[PDB]
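Novice: First, the structure itself, so that you have it in front of you.
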Amino acid sequence: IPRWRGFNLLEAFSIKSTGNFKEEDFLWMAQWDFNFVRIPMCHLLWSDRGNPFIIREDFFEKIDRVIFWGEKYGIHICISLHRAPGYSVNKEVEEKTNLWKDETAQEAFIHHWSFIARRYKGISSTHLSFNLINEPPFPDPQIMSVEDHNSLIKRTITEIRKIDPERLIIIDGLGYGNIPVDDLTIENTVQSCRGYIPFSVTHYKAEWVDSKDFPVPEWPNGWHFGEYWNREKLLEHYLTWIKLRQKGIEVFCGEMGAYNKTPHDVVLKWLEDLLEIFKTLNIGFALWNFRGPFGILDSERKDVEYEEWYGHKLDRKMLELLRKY
Numbered sequence: 005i006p007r008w009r010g011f012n013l014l015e016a017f018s019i020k021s022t023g024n025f026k027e028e029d030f031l032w033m034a035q036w037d038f039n040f041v042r043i044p045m046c047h048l049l050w051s052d053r054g055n056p057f058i059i060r061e062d063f064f065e066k067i068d069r070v071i072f073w074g075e076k077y078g079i080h081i082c083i084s085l086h087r088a089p090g091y092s093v094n095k096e097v098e099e100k101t102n103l104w105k106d107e108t109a110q111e112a113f114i115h116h117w118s119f120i121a122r123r124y125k126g127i128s129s130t131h132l133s134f135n136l137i138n139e140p141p142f143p144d145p146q147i148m149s150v151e152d153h154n155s156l157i158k159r160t161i162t163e164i165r166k167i168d169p170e171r172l173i174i175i176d177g178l179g180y181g182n183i184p185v186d187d188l189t190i191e192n193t194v195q196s197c198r199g200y201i202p203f204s205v206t207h208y209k210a211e212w213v214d215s216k217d218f219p220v221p222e223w224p225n226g227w228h229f230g231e232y233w234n235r236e237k238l239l240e241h242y243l244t245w246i247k248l249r250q251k252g253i254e255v256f257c258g259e260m261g262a263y264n265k266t267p268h269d270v271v272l273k274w275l276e277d278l279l280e281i282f283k284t285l286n287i288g289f290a291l292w293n294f295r296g297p298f299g300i301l302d303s304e305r306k307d308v309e310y311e312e313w314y315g316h317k318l319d320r321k322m323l324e325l326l327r328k329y
């Protein structure tokens, strides 16, 4: 199958999301030759904080439409749990339980994946894959050991595959999607890495991370938690990732990009280096937004001369960069 190139769509991402995805997103990205979307979902949109086994199945009509649009536009759909019982990197709501340790949270997690597996059974893996959980933390036995992660992921896959043996599963790396998971030699899986290194470029002035002391963005030699990064250091990083292929595991970058307070020249210089490594290493990518601050449209950068695109504002230079690679 061809390398995945595309975007994340965020209409089911937050407790305040409506689940109303835009068919125009699919039409536009198809016309620009992209072939992939990831859909990070918040389980509280169809569940309950008190009872994690609740599923309001009508919500999934919204996701059905997305999967329908994928087939129609030639866009692979990867549906993801951005929040699940006991886990989210999103701080908008605090999980009272810890998925990585809590037996009940884990049963609820599998219960949700089982419902989804049953709903979409018989949609081929060419059209639809499952990304079980977004961005698990760094291992720390106090929260999540490597073995807590691996046992849960294996159990979950086992259940999904009892329902749908051929279902392709995407597994995020540890350390928020940055560390390859070495003991998950499971057939028909992809591990998902990240394209946010270095944070002084991609997350400069980001409100939801502790960014106050980040240095001014620069590339090369951008700063990431005390270390300086260049093209060479990126290359070595992703070269480590693709060793997973020696184990028969594919690799893909499920989120990438830079926020909208970094100067446009720094973003494009960094992005091109990254994209060039990806193309060279045959690593698929997904930009964190299509429309939005990390995206090519309506990104609200104060230093971009936007192009009019059907009433939206298009960053043509960033778009053309993506289409080149």
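Counted the way the authors' numbering counts, the sequence shown spans residues 5 to 329.
Each residue gets a CB set at the ideal place from its N, CA and C atoms; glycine is no exception.
1) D144 bridges to which residues according to DSSP?
2) What is the residue span of the beta strand (DSSP E) that residue 395 lies within?
3) What is the residue span of the alpha helix (DSSP H) that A34 lies within?
4) Using the Cα positions of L301 and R122, report the straight-line distance between them to the nearest angstrom.
5) With a threshold of 8 Å, are at least 3 pairs of Cβ atoms found where one atom belongs to the region 164-175 and the other to the region 223-233?
6) Nearest CA to the CA of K306: which residue from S215, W313, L318?
7) What three-state label does DSSP hand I175 in the structure shown?
8) Could you tell me whether the Cβ atoms of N154 and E170 are closer together than 9 Å?
9) Determine, using beta carbons only, whether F289 and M322 come nearer to each other than 9 Å.
10) I need the straight-line Cα distance from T130 to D186, nearest angstrom please.
11) Buried or exposed for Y91, going by 16 or more other Cβ atoms inside 10 Å?
12) According to DSSP, is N55 helix, strand or coil?
13) Just the C-alpha distance for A88 and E139, rounded to the nearest angstrom, thanks.
14) With a 10 Å radius around its C-beta and 16 neighbouring C-beta atoms as the bar for buried, classify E231 as buried or exposed.
15) Restricting to runs no shorter than 4 residues, where is the alpha helix (DSSP H) found entirely within the region 229-258?
16) Please report the distance separating the alpha-carbon of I183 from that of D37.
17) Would you mind giving the Cβ-Cβ distance between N94 and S18, rounded to the nearest angstrom? I have them listed as a contact below 8 Å.
18) Could you say if the region 244-255 and the region 215-225 meet the contact criterion of at least three C-beta pairs nearer than 8 Å?
19) Secondary structure at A290, three-state DSSP: helix, strand or coil?
20) What are the start and end residues of the beta strand (DSSP E) that includes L14?
21) How would you call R9, buried or exposed, if buried means at least 16 neighbouring beta carbons within 10 angstroms?
22) Tell me the DSSP secondary structure of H116 in three-state form.
23) Could you tell me which of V205, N24, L275 sits nearest to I71, measuring between CA atoms?
24) Round the Cβ separation of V205 and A112 to the nearest angstrom and send it over; I've been treating them as touching at under 8 Å.
25) Taking only the alpha-carbon atoms, compute the straight-line gap between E96 and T284 and give it to the nearest angstrom.
26) Would you kindly work out how many angstroms separate the C-alpha atoms of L49 and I59, rounded to a whole number?
27) Mind pulling the alpha helix (DSSP H) runs of 4 or more residues that sit fully within the region 161-224?
28) Per DSSP, what kind of secondary structure is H131 in: helix, strand or coil?
29) Helix, strand or coil: how does DSSP classify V308 here?
30) Given a cut-off of 9 Å on the beta-carbon distance, is the pair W104 and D152 in contact?
31) Going by DSSP in three states, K66 sits in which element: helix, strand or coil?
32) Beta carbon of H316: closer than 8 Å to some heavy atom of the ligand FAD?
Specialist: The answer reads as follows:
1) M148
2) Here the chain comprises residues numbered 5 to 329, so residue 395 is not present and cannot be evaluated.
3) In the DSSP assignment, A34 falls within the alpha helix (DSSP H) that extends over 27-35.
4) Each residue's alpha carbon lies about 35 Å from the other.
5) no
6) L318
7) Three-state DSSP puts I175 in a strand.
8) no
9) no
10) 25 Å
11) With 16 or more other Cβ atoms within 10 Å, it is buried.
12) coil
13) Computed Cα separation, rounded: 12 Å.
14) exposed
15) 235-246
16) 30 Å
17) 7 Å
18) no
19) strand
20) No beta strand (DSSP E) contains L14, which DSSP labels as neither H nor E.
21) buried
22) helix
23) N24
24) With a Cβ gap of about 37 Å, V205 and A112 do not count as contacting.
25) 37 Å
26) 9 Å
27) 178-181, 203-206
28) coil
29) In the structure shown, the three-state DSSP call for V308 is coil.
30) yes
31) Correct three-state label for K66: helix.
32) Only the bare structure without any ligand can be found here, which leaves the ligand FAD out of the picture.
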